[PDB]
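Asker: Contents of entry_36.pdb (PDB, C-alpha atoms and all ligand atoms) are given next:
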```
ATOM      1  CA  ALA A   2       0.375 -45.514 -12.645
ATOM      2  CA  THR A   3       3.556 -44.270 -10.955
ATOM      3  CA  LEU A   4       3.680 -40.568 -10.066
ATOM      4  CA  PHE A   5       6.653 -38.180 -10.076
ATOM      5  CA  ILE A   6       6.763 -34.663  -8.614
ATOM      6  CA  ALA A   7       9.525 -32.202  -7.738
ATOM      7  CA  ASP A   8      10.301 -28.552  -7.055
ATOM      8  CA  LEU A   9       7.354 -27.783  -4.791
ATOM      9  CA  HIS A  10       9.541 -25.484  -2.626
ATOM     10  CA  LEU A  11       7.114 -25.764   0.277
ATOM     11  CA  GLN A  12       7.374 -22.862   2.741
ATOM     12  CA  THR A  13       5.062 -21.393   5.364
ATOM     13  CA  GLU A  14       4.997 -18.144   3.361
ATOM     14  CA  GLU A  15       3.257 -19.974   0.464
ATOM     15  CA  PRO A  16       0.281 -21.758   2.056
ATOM     16  CA  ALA A  17      -1.525 -22.132  -1.292
ATOM     17  CA  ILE A  18       1.209 -24.501  -2.510
ATOM     18  CA  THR A  19       0.962 -26.453   0.751
ATOM     19  CA  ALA A  20      -2.819 -26.691   0.344
ATOM     20  CA  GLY A  21      -2.329 -27.823  -3.250
ATOM     21  CA  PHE A  22       0.117 -30.543  -2.227
ATOM     22  CA  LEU A  23      -2.229 -31.687   0.552
ATOM     23  CA  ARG A  24      -5.083 -32.006  -1.951
ATOM     24  CA  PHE A  25      -2.771 -33.895  -4.326
ATOM     25  CA  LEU A  26      -1.842 -36.317  -1.533
ATOM     26  CA  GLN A  27      -5.479 -36.843  -0.503
ATOM     27  CA  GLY A  28      -6.701 -37.481  -4.045
ATOM     28  CA  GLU A  29      -4.374 -38.437  -6.878
ATOM     29  CA  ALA A  30      -1.527 -39.989  -4.883
ATOM     30  CA  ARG A  31      -3.830 -42.441  -3.080
ATOM     31  CA  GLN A  32      -4.556 -44.202  -6.392
ATOM     32  CA  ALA A  33      -0.914 -44.513  -7.463
ATOM     33  CA  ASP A  34       1.273 -47.603  -7.530
ATOM     34  CA  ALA A  35       4.033 -45.392  -6.084
ATOM     35  CA  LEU A  36       4.973 -41.747  -5.527
ATOM     36  CA  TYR A  37       8.471 -40.406  -6.199
ATOM     37  CA  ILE A  38       9.499 -36.937  -5.029
ATOM     38  CA  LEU A  39      12.602 -35.948  -6.997
ATOM     39  CA  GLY A  40      13.929 -33.211  -4.752
ATOM     40  CA  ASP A  41      13.146 -29.655  -3.655
ATOM     41  CA  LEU A  42      10.065 -30.709  -1.741
ATOM     42  CA  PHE A  43      10.992 -27.943   0.714
ATOM     43  CA  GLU A  44      12.406 -24.498  -0.031
ATOM     44  CA  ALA A  45      14.971 -25.007   2.740
ATOM     45  CA  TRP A  46      16.107 -27.637   5.227
ATOM     46  CA  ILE A  47      18.542 -27.219   8.124
ATOM     47  CA  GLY A  48      17.996 -30.607   9.799
ATOM     48  CA  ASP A  49      15.327 -33.076  10.903
ATOM     49  CA  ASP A  50      15.263 -31.630  14.449
ATOM     50  CA  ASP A  51      13.779 -28.384  13.086
ATOM     51  CA  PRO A  52      10.443 -27.915  14.927
ATOM     52  CA  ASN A  53       8.886 -26.020  11.956
ATOM     53  CA  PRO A  54       5.247 -27.219  12.127
ATOM     54  CA  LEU A  55       5.013 -27.333   8.321
ATOM     55  CA  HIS A  56       7.482 -30.226   8.449
ATOM     56  CA  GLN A  57       5.211 -32.275  10.737
ATOM     57  CA  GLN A  58       2.095 -31.414   8.733
ATOM     58  CA  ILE A  59       3.779 -32.583   5.528
ATOM     59  CA  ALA A  60       5.206 -35.712   7.189
ATOM     60  CA  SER A  61       1.765 -36.676   8.520
ATOM     61  CA  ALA A  62       0.161 -36.106   5.119
ATOM     62  CA  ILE A  63       2.738 -38.230   3.304
ATOM     63  CA  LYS A  64       2.496 -40.880   6.027
ATOM     64  CA  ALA A  65      -1.253 -41.131   5.382
ATOM     65  CA  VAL A  66      -0.503 -41.960   1.735
ATOM     66  CA  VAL A  67       2.086 -44.552   2.803
ATOM     67  CA  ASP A  68      -0.380 -46.126   5.254
ATOM     68  CA  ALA A  69      -2.909 -46.341   2.408
ATOM     69  CA  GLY A  70      -0.522 -48.751   0.663
ATOM     70  CA  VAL A  71       1.302 -46.350  -1.694
ATOM     71  CA  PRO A  72       5.100 -46.480  -1.204
ATOM     72  CA  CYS A  73       6.675 -43.019  -1.280
ATOM     73  CA  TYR A  74      10.272 -42.272  -2.276
ATOM     74  CA  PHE A  75      12.535 -39.234  -2.014
ATOM     75  CA  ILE A  76      15.618 -38.062  -3.903
ATOM     76  CA  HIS A  77      17.223 -34.936  -2.447
ATOM     77  CA  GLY A  78      17.215 -31.612  -4.271
ATOM     78  CA  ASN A  79      19.616 -28.696  -4.108
ATOM     79  CA  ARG A  80      17.458 -27.018  -1.439
ATOM     80  CA  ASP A  81      16.597 -29.939   0.868
ATOM     81  CA  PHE A  82      19.711 -32.134   0.745
ATOM     82  CA  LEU A  83      19.727 -32.265   4.563
ATOM     83  CA  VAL A  84      16.476 -34.285   4.726
ATOM     84  CA  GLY A  85      17.426 -37.292   6.820
ATOM     85  CA  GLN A  86      16.297 -40.632   8.216
ATOM     86  CA  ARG A  87      14.364 -39.076  11.110
ATOM     87  CA  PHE A  88      12.106 -37.260   8.657
ATOM     88  CA  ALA A  89      12.025 -40.403   6.495
ATOM     89  CA  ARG A  90      10.672 -42.376   9.461
ATOM     90  CA  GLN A  91       8.159 -39.658  10.406
ATOM     91  CA  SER A  92       6.819 -39.496   6.833
ATOM     92  CA  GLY A  93       7.125 -43.176   5.939
ATOM     93  CA  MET A  94       9.249 -42.148   2.953
ATOM     94  CA  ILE A  95      12.231 -44.111   1.653
ATOM     95  CA  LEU A  96      15.348 -42.068   0.873
ATOM     96  CA  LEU A  97      16.959 -42.949  -2.466
ATOM     97  CA  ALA A  98      20.373 -42.205  -3.968
ATOM     98  CA  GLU A  99      21.015 -39.188  -6.188
ATOM     99  CA  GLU A 100      20.645 -41.464  -9.245
ATOM    100  CA  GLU A 101      18.291 -44.448  -9.392
ATOM    101  CA  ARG A 102      17.297 -46.804 -12.206
ATOM    102  CA  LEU A 103      13.699 -48.048 -12.023
ATOM    103  CA  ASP A 104      11.669 -50.634 -13.891
ATOM    104  CA  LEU A 105       8.369 -48.893 -14.657
ATOM    105  CA  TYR A 106       6.051 -51.435 -16.304
ATOM    106  CA  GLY A 107       8.891 -52.870 -18.386
ATOM    107  CA  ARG A 108      10.803 -49.724 -19.384
ATOM    108  CA  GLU A 109      14.007 -48.824 -17.545
ATOM    109  CA  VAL A 110      13.988 -45.207 -16.341
ATOM    110  CA  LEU A 111      16.745 -43.163 -14.720
ATOM    111  CA  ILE A 112      15.480 -40.700 -12.092
ATOM    112  CA  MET A 113      17.392 -37.875 -10.402
ATOM    113  CA  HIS A 114      16.803 -34.342  -9.192
ATOM    114  CA  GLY A 115      18.663 -32.869 -12.172
ATOM    115  CA  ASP A 116      21.024 -30.315 -10.618
ATOM    116  CA  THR A 117      24.026 -32.595 -11.230
ATOM    117  CA  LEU A 118      23.292 -32.311 -14.981
ATOM    118  CA  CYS A 119      23.855 -28.530 -15.024
ATOM    119  CA  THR A 120      27.634 -28.800 -15.353
ATOM    120  CA  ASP A 121      27.873 -25.363 -17.025
ATOM    121  CA  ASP A 122      27.146 -23.637 -13.682
ATOM    122  CA  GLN A 123      30.552 -24.224 -12.132
ATOM    123  CA  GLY A 124      29.657 -21.696  -9.436
ATOM    124  CA  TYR A 125      26.753 -23.853  -8.298
ATOM    125  CA  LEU A 126      28.801 -27.047  -8.605
ATOM    126  CA  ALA A 127      31.422 -25.604  -6.245
ATOM    127  CA  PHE A 128      28.664 -24.729  -3.773
ATOM    128  CA  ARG A 129      27.126 -28.190  -4.176
ATOM    129  CA  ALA A 130      30.477 -29.905  -3.602
ATOM    130  CA  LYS A 131      30.939 -27.972  -0.350
ATOM    131  CA  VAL A 132      27.518 -28.543   1.229
ATOM    132  CA  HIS A 133      27.488 -32.203   0.144
ATOM    133  CA  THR A 134      30.813 -32.941   1.840
ATOM    134  CA  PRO A 135      29.868 -35.272   4.732
ATOM    135  CA  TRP A 136      32.123 -33.732   7.387
ATOM    136  CA  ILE A 137      30.824 -30.265   6.486
ATOM    137  CA  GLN A 138      27.234 -31.496   6.849
ATOM    138  CA  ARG A 139      28.000 -33.150  10.192
ATOM    139  CA  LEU A 140      29.539 -29.899  11.439
ATOM    140  CA  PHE A 141      26.558 -27.830  10.283
ATOM    141  CA  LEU A 142      24.017 -30.212  11.821
ATOM    142  CA  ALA A 143      25.797 -30.062  15.192
ATOM    143  CA  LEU A 144      25.301 -26.292  15.394
ATOM    144  CA  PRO A 145      22.412 -25.050  17.567
ATOM    145  CA  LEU A 146      19.108 -24.756  15.718
ATOM    146  CA  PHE A 147      18.986 -20.975  16.111
ATOM    147  CA  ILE A 148      22.490 -20.726  14.620
ATOM    148  CA  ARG A 149      21.490 -22.879  11.640
ATOM    149  CA  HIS A 150      18.382 -20.715  11.094
ATOM    150  CA  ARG A 151      20.464 -17.530  10.922
ATOM    151  CA  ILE A 152      23.095 -19.148   8.677
ATOM    152  CA  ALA A 153      20.424 -20.393   6.273
ATOM    153  CA  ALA A 154      18.493 -17.109   6.256
ATOM    154  CA  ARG A 155      21.682 -15.178   5.477
ATOM    155  CA  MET A 156      22.732 -17.643   2.770
ATOM    156  CA  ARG A 157      19.332 -17.348   1.073
ATOM    157  CA  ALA A 158      19.558 -13.546   1.088
ATOM    158  CA  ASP A 159      23.165 -13.758  -0.120
ATOM    159  CA  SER A 160      22.027 -15.963  -3.014
ATOM    160  CA  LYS A 161      19.167 -13.592  -3.871
ATOM    161  CA  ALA A 162      21.626 -10.726  -4.440
ATOM    162  CA  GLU A 170      17.738 -17.753 -13.382
ATOM    163  CA  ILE A 171      18.260 -21.515 -13.096
ATOM    164  CA  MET A 172      20.917 -22.853 -15.459
ATOM    165  CA  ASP A 173      19.648 -25.579 -17.788
ATOM    166  CA  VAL A 174      21.179 -29.047 -18.176
ATOM    167  CA  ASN A 175      24.294 -29.767 -20.227
ATOM    168  CA  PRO A 176      23.390 -31.991 -23.208
ATOM    169  CA  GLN A 177      26.546 -34.109 -22.903
ATOM    170  CA  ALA A 178      25.957 -34.643 -19.171
ATOM    171  CA  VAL A 179      22.489 -35.993 -20.018
ATOM    172  CA  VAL A 180      23.894 -38.479 -22.541
ATOM    173  CA  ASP A 181      26.644 -39.576 -20.140
ATOM    174  CA  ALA A 182      24.087 -40.302 -17.410
ATOM    175  CA  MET A 183      21.728 -42.180 -19.747
ATOM    176  CA  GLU A 184      24.622 -44.261 -21.081
ATOM    177  CA  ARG A 185      26.165 -44.927 -17.660
ATOM    178  CA  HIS A 186      22.804 -46.437 -16.638
ATOM    179  CA  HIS A 187      21.986 -47.814 -20.136
ATOM    180  CA  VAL A 188      18.499 -46.303 -20.178
ATOM    181  CA  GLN A 189      16.398 -44.694 -22.898
ATOM    182  CA  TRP A 190      14.253 -42.707 -20.422
ATOM    183  CA  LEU A 191      15.177 -40.046 -17.872
ATOM    184  CA  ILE A 192      12.915 -38.131 -15.479
ATOM    185  CA  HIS A 193      14.229 -35.172 -13.513
ATOM    186  CA  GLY A 194      13.296 -31.775 -12.181
ATOM    187  CA  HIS A 195      15.373 -28.832 -10.906
ATOM    188  CA  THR A 196      15.376 -26.773 -14.107
ATOM    189  CA  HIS A 197      11.717 -25.582 -13.864
ATOM    190  CA  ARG A 198      11.300 -26.244 -17.622
ATOM    191  CA  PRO A 199       8.556 -28.877 -17.948
ATOM    192  CA  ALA A 200       9.083 -30.555 -21.304
ATOM    193  CA  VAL A 201       9.734 -33.774 -23.209
ATOM    194  CA  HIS A 202      13.030 -33.970 -25.112
ATOM    195  CA  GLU A 203      14.118 -36.582 -27.630
ATOM    196  CA  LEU A 204      17.805 -37.458 -27.932
ATOM    197  CA  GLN A 205      19.987 -40.463 -28.741
ATOM    198  CA  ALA A 206      21.644 -42.599 -26.073
ATOM    199  CA  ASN A 207      23.191 -46.065 -26.394
ATOM    200  CA  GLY A 208      22.657 -45.855 -30.153
ATOM    201  CA  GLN A 209      18.860 -45.608 -29.872
ATOM    202  CA  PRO A 210      16.253 -42.859 -29.456
ATOM    203  CA  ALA A 211      15.912 -41.721 -25.856
ATOM    204  CA  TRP A 212      13.713 -39.279 -23.955
ATOM    205  CA  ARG A 213      14.292 -36.796 -21.132
ATOM    206  CA  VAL A 214      11.131 -35.772 -19.261
ATOM    207  CA  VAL A 215      11.305 -32.658 -17.082
ATOM    208  CA  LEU A 216       8.979 -31.788 -14.197
ATOM    209  CA  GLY A 217       7.566 -28.343 -13.509
ATOM    210  CA  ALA A 218       7.903 -26.299 -10.353
ATOM    211  CA  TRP A 219       4.755 -25.647  -8.315
ATOM    212  CA  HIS A 220       4.610 -21.910  -9.024
ATOM    213  CA  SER A 221       1.020 -21.086 -10.029
ATOM    214  CA  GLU A 222      -0.226 -24.631 -10.717
ATOM    215  CA  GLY A 223       0.891 -28.128  -9.847
ATOM    216  CA  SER A 224       2.888 -30.453 -12.082
ATOM    217  CA  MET A 225       3.447 -34.213 -12.142
ATOM    218  CA  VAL A 226       4.699 -36.946 -14.448
ATOM    219  CA  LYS A 227       2.434 -39.997 -14.599
ATOM    220  CA  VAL A 228       4.018 -43.167 -16.005
ATOM    221  CA  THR A 229       1.652 -45.961 -17.063
ATOM    222  CA  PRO A 230       2.287 -49.246 -18.918
ATOM    223  CA  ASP A 231       0.978 -47.456 -22.031
ATOM    224  CA  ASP A 232       2.461 -43.944 -22.021
ATOM    225  CA  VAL A 233       4.220 -41.112 -20.175
ATOM    226  CA  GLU A 234       2.111 -38.114 -19.144
ATOM    227  CA  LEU A 235       3.210 -34.626 -18.101
ATOM    228  CA  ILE A 236       0.209 -33.203 -16.265
ATOM    229  CA  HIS A 237      -0.499 -29.682 -15.015
ATOM    230  CA  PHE A 238      -3.339 -29.037 -12.588
ATOM    231  CA  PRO A 239      -4.615 -26.294 -10.257
ATOM    232  CA  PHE A 240      -3.644 -26.205  -6.585
ATOM    233  CA  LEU A 241      -7.159 -25.893  -5.147
ATOM    234  CA  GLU A 242     -10.584 -27.187  -6.120
ATOM    235  CA  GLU A 243     -11.719 -24.720  -8.801
ATOM    236  CA  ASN A 244     -15.456 -24.554  -8.165
ATOM    237  CA  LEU A 245     -17.227 -23.965 -11.464
ATOM    238  CA  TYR A 246     -19.689 -21.093 -11.499
ATOM    239  CA  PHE A 247     -21.555 -19.287 -14.235
ATOM    240  CA  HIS A 250     -21.860 -14.023 -21.057
ATOM    241  CA  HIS A 251     -24.370 -13.208 -23.815
ATOM    242  CA  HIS A 252     -24.969 -14.016 -27.478
TER     243      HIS A 252
HETATM  244  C1  LIG A 301      22.016 -22.787  -5.113
HETATM  245  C2  LIG A 301      21.373 -23.400  -3.867
HETATM  246  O1  LIG A 301      20.903 -24.492  -3.892
HETATM  247  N1  LIG A 301      21.331 -22.620  -2.652
HETATM  248  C3  LIG A 301      21.865 -21.277  -2.502
HETATM  249  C4  LIG A 301      21.545 -20.839  -1.099
HETATM  250  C5  LIG A 301      20.857 -22.026  -0.435
HETATM  251  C6  LIG A 301      20.372 -22.205   0.865
HETATM  252  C7  LIG A 301      19.772 -23.419   1.200
HETATM  253  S1  LIG A 301      19.151 -23.659   2.875
HETATM  254  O2  LIG A 301      18.595 -22.423   3.414
HETATM  255  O3  LIG A 301      18.075 -24.646   2.914
HETATM  256  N2  LIG A 301      20.444 -24.249   3.792
HETATM  257  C8  LIG A 301      21.618 -23.397   3.919
HETATM  258  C9  LIG A 301      22.587 -23.938   4.958
HETATM  259  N3  LIG A 301      22.928 -25.312   4.644
HETATM  260  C10 LIG A 301      24.258 -25.817   4.851
HETATM  261  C11 LIG A 301      24.514 -27.181   4.850
HETATM  262  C12 LIG A 301      25.818 -27.612   5.064
HETATM  263  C13 LIG A 301      26.789 -26.636   5.267
HETATM  264  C14 LIG A 301      26.428 -25.296   5.252
HETATM  265  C15 LIG A 301      27.462 -24.200   5.462
HETATM  266  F1  LIG A 301      26.975 -23.252   6.310
HETATM  267  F2  LIG A 301      28.597 -24.750   5.977
HETATM  268  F3  LIG A 301      27.698 -23.613   4.255
HETATM  269  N4  LIG A 301      25.191 -24.917   5.049
HETATM  270  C16 LIG A 301      21.758 -26.163   4.607
HETATM  271  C17 LIG A 301      20.807 -25.635   3.543
HETATM  272  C18 LIG A 301      19.655 -24.468   0.281
HETATM  273  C19 LIG A 301      20.144 -24.287  -1.005
HETATM  274  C20 LIG A 301      20.740 -23.062  -1.361
HETATM  275 MN    MN A 302      13.552 -26.328  -7.859
HETATM  276 MN    MN A 303      16.697 -27.793  -7.904
END
```
When written as structure tokens, how does the structure in this file appear?
Ligand SMILES: CC(=O)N1CCc2cc(S(=O)(=O)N3CCN(c4cccc(C(F)(F)F)n4)CC3)ccc21
Ligand SMILES: [Mn+2]
Ligand SMILES: [Mn+2]
Answerer:
Amino acid sequence: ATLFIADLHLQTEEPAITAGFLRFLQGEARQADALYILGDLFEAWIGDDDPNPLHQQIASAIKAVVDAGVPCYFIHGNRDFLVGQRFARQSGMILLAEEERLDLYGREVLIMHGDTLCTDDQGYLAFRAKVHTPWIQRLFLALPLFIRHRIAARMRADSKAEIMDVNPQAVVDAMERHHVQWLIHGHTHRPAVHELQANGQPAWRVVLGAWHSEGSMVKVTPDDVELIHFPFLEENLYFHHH
């Protein structure tokens, strides 16, 4: 099986999600053919030189999966688009492009984070265009760490003061550009399986869940596609009347 996850939004303020991801990495991921993280692994990222200990704890945990023989891959999300090759080397992860076409046991699948499909949020797309401009990124990354922290903290509060769903035509365009009948993405926090038509044939769009109260993954096997929801921690069973 090949595993897909996204939208964990890891942050030191949410240690239960971190513990859940660590348990996922120690158990399920070790048995996978491969692990793909389709963006928003972290709630924020201001550069690979950030000494945030959560970053090293996560890198070491992913690296243990990689060293166990499971290749791990990363597509950037809207939150953690600054994840770079230093963190890739620390974690053993391979950084992929914003759109990738995979062969999963014979079926061709397009994978992406999903934010680029939400073309009806022109306010977000303007923001995305700005912070994805390379010279703007290079300028931001050159700022002192403590400056980047304050910029990011203010921008998060400014954004706080309702995720738009995908545009149906944008989905078709992407599935026809890549000539695939399968698409896996996250971003929209709406775990689901959708049927559509692309390239004159039935096609499917599979959406990952965010790690809010439970975990979420997509498991692709040679036989089927599985959207799986599971608790963060080990739920120890314990023991009504007739
Ligand atoms: C919709 C959405 O995705 N948002 C909304 C608010 C927000 C914050 C963050 S962030 O905290 O991780 N951080 C902010 C600072 N940033 C950059 C990068 C390049 C240039 C600039 C600047 F300063 F020139 F603009 N900033 C890195 C990312 C991530 C996503 C999101
Ligand atoms: Mn998300
Ligand atoms: Mn997103």
Asker: Under the rule that all atoms listed in the file are counted, which of A:92, A:224, A:205, A:138 is the nearest residue to ligand LIG 301 (chain A)?
Answerer: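 Nearest candidate to ligand LIG 301 (chain A) out of A:92, A:224, A:205, A:138: A:138.
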Asker: Would you mind reading off the distance between CA of residue 139 (chain A) and atom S1 of ligand LIG 301 (chain A), one decimal, in Å?
Answerer: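 Computing the Euclidean distance for CA of residue 139 (chain A) and atom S1 of ligand LIG 301 (chain A) yields 14.9 Å.
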Asker: Suppose you want the space between CA of residue 160 (chain A) and CA of residue 16 (chain A); what is it in Å?
Answerer: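 Interatomic distance, CA of residue 160 (chain A) to CA of residue 16 (chain A): 23.1 Å.
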Asker: How many Å lie between CA of residue 71 (chain A) and CA of residue 36 (chain A), rounded to one decimal?
Answerer: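 Computing the Euclidean distance for CA of residue 71 (chain A) and CA of residue 36 (chain A) yields 7.0 Å.
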Asker: List all protein, DNA and RNA residues that have at least one atom no more than 7 Å from any atom of ligand MN 302 (chain A), counting only C-alpha atoms and all ligand atoms, and write them as a ChimeraX atom specification.
Answerer: /A:8,10,41,194-197,218
Asker: Taking all atoms listed in the file into account, name the residue in A:98, A:225, A:119, A:47 that is nearest to ligand LIG 301 (chain A).
Answerer: A:47
Asker: Pull the closest atom pair for each residue of chain A that gets at most 6 Å from ligand LIG 301 (chain A), along with the distance in Å to one decimal, counting all atoms listed in the file, ordering rows by chain and then ascending residue number, as CSV.
Answerer:
```
residue,atom,partner,partner_atom,distance
A:45,CA,A:LIG301,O3,3.1
A:46,CA,A:LIG301,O3,4.3
A:47,CA,A:LIG301,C16,4.9
A:79,CA,A:LIG301,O1,4.4
A:80,CA,A:LIG301,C18,3.8
A:81,CA,A:LIG301,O3,5.9
A:125,CA,A:LIG301,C1,5.8
A:132,CA,A:LIG301,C12,4.3
A:137,CA,A:LIG301,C13,5.6
A:138,CA,A:LIG301,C12,4.5
A:141,CA,A:LIG301,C13,5.2
A:153,CA,A:LIG301,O2,4.0
A:156,CA,A:LIG301,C4,5.2
A:157,CA,A:LIG301,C4,4.7
A:160,CA,A:LIG301,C4,5.3
```
Asker: Rank nothing, just name the residue among A:145, A:239, A:78, A:52 nearest to ligand MN 303 (chain A), using all atoms listed in the file.
Answerer: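 Closest to ligand MN 303 (chain A) of all the choices is A:78.
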Asker: Please identify all polymer residues within 7 Å of residue 38 (chain A), counting all atoms listed in the file, omitting same-chain residues fewer than 2 positions from it, and present them as JSON, numbers by chain.
Answerer: {"A": [5, 6, 7, 36, 40, 74, 75, 76]}
Asker: Counting only C-alpha atoms, which of A:15, A:184, A:173, A:51 gets nearest to residue 87 (chain A)?
Answerer: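 So, comparing all the options, the nearest one is A:51.
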Asker: If you take every atom of region 128-141 of chain A that the file lists and fit an axis-aligned box around them with 8 Å extra on each side, what centre and edge lengths come out in Å to one decimal, as JSON?
Answerer:
```
{"center_x": 29.3, "center_y": -30.0, "center_z": 3.6, "size_x": 21.6, "size_y": 26.5, "size_z": 31.6}
```
Asker: Measuring between all atoms listed in the file, which one of A:142, A:192, A:241, A:84 shows the shortest distance to residue 24 (chain A)?
Answerer: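 Looking only at the distances to residue 24 (chain A), the closest residue turns out to be A:241.
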Asker: Do a neighbour search on residue 110 (chain A) at 10 Å with all atoms listed in the file, toss out local chain neighbours closer than 2 positions, and write the hits as a JSON list (two decimals) with C-alpha atoms, keeping the file's coordinate frame.
Answerer:
```
[["chain", "number", "residue", "atom", "x", "y", "z"],
["A", 101, "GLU", "CA", 18.29, -44.45, -9.39],
["A", 102, "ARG", "CA", 17.30, -46.80, -12.21],
["A", 103, "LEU", "CA", 13.70, -48.05, -12.02],
["A", 104, "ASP", "CA", 11.67, -50.63, -13.89],
["A", 105, "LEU", "CA", 8.37, -48.89, -14.66],
["A", 107, "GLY", "CA", 8.89, -52.87, -18.39],
["A", 108, "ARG", "CA", 10.80, -49.72, -19.38],
["A", 112, "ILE", "CA", 15.48, -40.70, -12.09],
["A", 183, "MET", "CA", 21.73, -42.18, -19.75],
["A", 186, "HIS", "CA", 22.80, -46.44, -16.64],
["A", 187, "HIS", "CA", 21.99, -47.81, -20.14],
["A", 188, "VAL", "CA", 18.50, -46.30, -20.18],
["A", 189, "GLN", "CA", 16.40, -44.69, -22.90],
["A", 190, "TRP", "CA", 14.25, -42.71, -20.42],
["A", 191, "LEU", "CA", 15.18, -40.05, -17.87],
["A", 192, "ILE", "CA", 12.92, -38.13, -15.48],
["A", 212, "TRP", "CA", 13.71, -39.28, -23.96],
["A", 213, "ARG", "CA", 14.29, -36.80, -21.13]]
```
Asker: Would you kindly identify which residues have an atom no farther than 7 Å from (8.0, -35.1, -17.8), using all atoms listed in the file and the file's own coordinates, and write them out as a ChimeraX atom specification?
Answerer: /A:192,199-201,214-216,226,234-235
Asker: Contacts of residue 120 (chain A) at 9 Å or less, counting only C-alpha atoms, minus same-chain residues fewer than 6 places along, as a PyMOL selection string?
Answerer: chain A and resi 126+172-175+178
Asker: Quick one: residues within 9 Å of residue 85 (chain A), all atoms listed in the file counted, chain neighbours fewer than 3 positions away excluded, as a ChimeraX atom specification?
Answerer: /A:48-49,82,88-90,96
Asker: With all atoms listed in the file as the basis for distance, which of A:228, A:171, A:236, A:69 is at the shortest distance from residue 124 (chain A)?
Answerer: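 Closest to residue 124 (chain A), using all atoms listed in the file: A:171.
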Asker: Could you tell me which residues the PyMOL selection byres (((chain A and resi 54-56) around 9) and not hetatm) grabs in this file, written as an MDAnalysis selection string?
Answerer: chainID A and resid 11:13 19 43 49 51:53 57:61 88
Asker: Any chance you could build region 158-176 of chain A out to N, CA, C and O atoms and write it as a compact mmCIF listing (two decimals), keeping the file's coordinate frame?
Answerer:
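Listed below is the output, rebuild17.txt:
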```txt
# COMPACT_ATOMS: atom_id res chain seq x y z
N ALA A 158 19.48 -14.95 1.49
CA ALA A 158 19.56 -13.55 1.09
C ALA A 158 20.81 -13.28 0.27
O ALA A 158 20.79 -12.51 -0.70
N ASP A 159 21.93 -13.92 0.64
CA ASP A 159 23.16 -13.76 -0.12
C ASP A 159 23.01 -14.30 -1.54
O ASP A 159 23.55 -13.73 -2.49
N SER A 160 22.26 -15.40 -1.69
CA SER A 160 22.03 -15.96 -3.01
C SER A 160 21.05 -15.12 -3.82
O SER A 160 21.12 -15.11 -5.06
N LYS A 161 20.12 -14.43 -3.15
CA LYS A 161 19.17 -13.59 -3.87
C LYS A 161 19.86 -12.41 -4.54
O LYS A 161 19.49 -12.01 -5.64
N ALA A 162 20.88 -11.85 -3.89
CA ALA A 162 21.63 -10.73 -4.44
C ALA A 162 22.45 -11.16 -5.65
O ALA A 162 23.13 -12.19 -5.62
N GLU A 170 17.08 -17.38 -12.14
CA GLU A 170 17.74 -17.75 -13.38
C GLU A 170 18.46 -19.09 -13.23
O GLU A 170 19.68 -19.13 -13.10
N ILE A 171 17.69 -20.18 -13.25
CA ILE A 171 18.26 -21.52 -13.10
C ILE A 171 18.93 -21.93 -14.40
O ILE A 171 18.31 -21.90 -15.47
N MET A 172 20.20 -22.32 -14.31
CA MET A 172 20.92 -22.85 -15.46
C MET A 172 20.28 -24.16 -15.91
O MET A 172 19.86 -24.98 -15.08
N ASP A 173 20.20 -24.36 -17.22
CA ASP A 173 19.65 -25.58 -17.79
C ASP A 173 20.71 -26.68 -17.81
O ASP A 173 21.89 -26.46 -17.52
N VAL A 174 20.28 -27.89 -18.17
CA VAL A 174 21.18 -29.05 -18.18
C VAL A 174 22.17 -28.94 -19.33
O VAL A 174 21.93 -28.29 -20.35
N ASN A 175 23.31 -29.62 -19.16
CA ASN A 175 24.29 -29.77 -20.23
C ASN A 175 23.95 -30.99 -21.06
O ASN A 175 23.79 -32.09 -20.51
N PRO A 176 23.82 -30.85 -22.38
CA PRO A 176 23.39 -31.99 -23.21
C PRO A 176 24.31 -33.20 -23.10
O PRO A 176 23.83 -34.34 -23.10
```
